[PDB]
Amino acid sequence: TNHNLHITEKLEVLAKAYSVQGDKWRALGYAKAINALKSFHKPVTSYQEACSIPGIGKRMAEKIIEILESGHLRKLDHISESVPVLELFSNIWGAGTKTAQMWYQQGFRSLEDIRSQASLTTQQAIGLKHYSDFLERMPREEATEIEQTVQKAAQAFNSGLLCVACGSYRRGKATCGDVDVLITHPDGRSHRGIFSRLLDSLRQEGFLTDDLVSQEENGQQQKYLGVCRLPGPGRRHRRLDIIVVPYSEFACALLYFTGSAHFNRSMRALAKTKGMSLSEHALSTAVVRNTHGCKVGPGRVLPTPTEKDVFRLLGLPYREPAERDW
């Protein structure tokens, strides 16, 4: 339970404003502080108490107190009038802050402006077509039906294929923004050439309705991001994201694709403090980095049969997927 809703609600506004205007790192700082506040055991009632909490510094503390005393936040009143419009545009799949700001500068103010006048990438046109659907979450039960549709199609041409739904699904969420399907084969080799077979099968049953990201030219495709819809009435278009990985990469892929994103970043951050590196492919040791924290030497891949291995190798207690929201 959030014991500081009146605080975080207002900070969240300012946070999203920074995010759509492209101030990525300031927005990150806000997101951490906000999460810290959602998690504190009590109402925060003083400046000194606010500073005591990890993720909250003096600058955030001052804003917390201002809200606590005056019920308003001055910084809110002076947010650029463009921000609601920037948020509107940035919620088009395939458009980010740079495109949203360009569209705004060009005079566009509504999705109707975008449809009739804006230059749209192929992805952004699909995003616009499914604008509402892409902002909806589906019941986790529908995610199950989607995973089963992909699994049945995959296993139909290779029974050995393992398919698992990840992301918010695997973390136990009641609703899911998309379906993340990880596919591998416990024999190191068979997982090659399968995107082409899988996709053509899912198209032939009319399941896939649009492709957003799908490099099908050379058989080195690693991901599919697209759109599907189950049969029958009352069905919405749902985002479907599929990755196919070598078996030896299964645990790191499972871990990455399960998330959350913040959980991933925090775990990878920790790995870097230990001169290690964690990606969707592997956990590596003895990685060489320069003074800016940038990789200049590859390191060594560590064997990680299971998720518990990754945790173990990082000196971390295991955390079940449901406990990985942050």
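Note that the rigid core is defined as the largest set of C-alphas that superpose within 1.5 Å between two forms. Heads up: residue numbers just count along the shown sequence, starting at 1.
Larger root-mean-square CA separation from the shown form, computed after a rigid core fit of the structures in 4 other deposited structures of this protein, is seen for 36-44 when 267-275 is set against 36-44. Core-fitted comparison in 4 other deposited structures of this protein shows that, between 209-217 and 222-230, the CA atoms farther from the shown form belong to 209-217.
Judged by mean Cα B factor in the deposited record, 295-303 ranks above the other of 295-303 and 271-279. In this crystal structure, the stretch out of 153-161 and 174-182 whose C-alpha atoms carry the higher mean B factor is 153-161. For the set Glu136, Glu142, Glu249, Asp200, the maximum C-alpha B-factor listed in the entry falls on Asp200. Across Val85, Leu73, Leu255, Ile242, the greatest Cα temperature factor reported in the deposited entry is at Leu73.
In the PDB entry, a CA B factor belonging to the lowest third of its chain's modelled residues is recorded for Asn264. Among the modelled residues of the chain, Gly226 sits in the lowest third by CA temperature factor in this PDB entry.
Ranked within its chain, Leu313 lands in the middle third, by CA B factor from the PDB record.
Remark: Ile194 belongs to the highest third of its chain, ranked by C-alpha B-factor as recorded. Per the deposited record, the Cα B-factor of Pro233 falls in the middle third when ranked against the other modelled residues of its chain.
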